[PDB]
C-alpha cells in the first residue's frame, strides 16, 4: 500500500502516520524529518535546508525530490510506503508522475487555521523515531520523555508562532493546490481520495483513517 498525507502545518499528519506505519508495516517517508536529520548530521544531501526551515520557507523542489528518490529506493519501501510532507508543491507531484510512482490513497487532514499555532507551540518531538507529542493535547506518559525509548524530547527550532504563520502562508500559496491535484487523480481512478476531520481526538482520527484504509 502507498499513501500520501495532505494537510496544513500541524494538521496531525505525523501523529497519524505512526499508526498507519504499524498496521500496514510500511515506512513513513517524512521529508521534514529527513531534512532535520540531514542538518543535524551535516549530511551533504540536505544540510543546506537549515536556514530555509528556520525562515519558515519551502526547501527547493530539487533537493527534496532527491532525498525522497534516495529514500524510497531502500528495500524497506519495496512493498509500500507512506509519504508525509511530500509532495508539497505541484512540481514535486509531477515529478512523482514522471517517475511512474502511483499511490493507493491520498488522505487529507482538515484543521482550521486558528488551531495551528497553539498546536505547534506545544509540540515536542522524538527526533530519532519521528514520534511527536503535545504538552497539553497529547502529552507523553512522563513529561519530556519519549514513551517508547524513554529518551529526552526536544522542541523544534522552527516551531515558534511567527515561523508557523509563515509556514501557513507558504502552504496556502504553494501546497493547498494539491487537494485539487489528487482529487482529479482520484476521479481518473488513479487513487482513492478521502478527507478527515483532524480536530477530533487523536484516537478518533485514527479510527476514521482505519475505516477508510480498511
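Numbering follows the first chain given and starts at 1.
Give the stretch, out of 98-106 and 79-87, with the larger mean C-alpha temperature factor in the deposited entry. On average, C-alpha B-factors are higher across 98-106.
Can you tell me whether 22-30 has a higher mean C-alpha B factor than 165-173 in this record, or the other way round? Averaged over C-alpha atoms, the B-factors run higher in 22-30.
In this PDB entry, which of 62, 54, 146, 187 has the top CA B-factor? Spelled out: the listed residue with the top C-alpha B-factor is 54.
Based on the deposited C-alpha B factors for this chain, I'd like to know if residue 43 is in the lowest, middle or highest third. For residue 43, the deposited C-alpha B-factor lands in the highest third.
Once the chain's modelled residues are ordered by C-alpha B factor and cut into thirds, is residue 126 in the lowest, middle or highest one? CA B-factor rank for residue 126: middle third.
Looking at the temperature factor on the CA atom of residue 141, which third of the chain's modelled residues does it land in? Within its chain, residue 141 is a highest-third residue by C-alpha B-factor, going by the deposited values.
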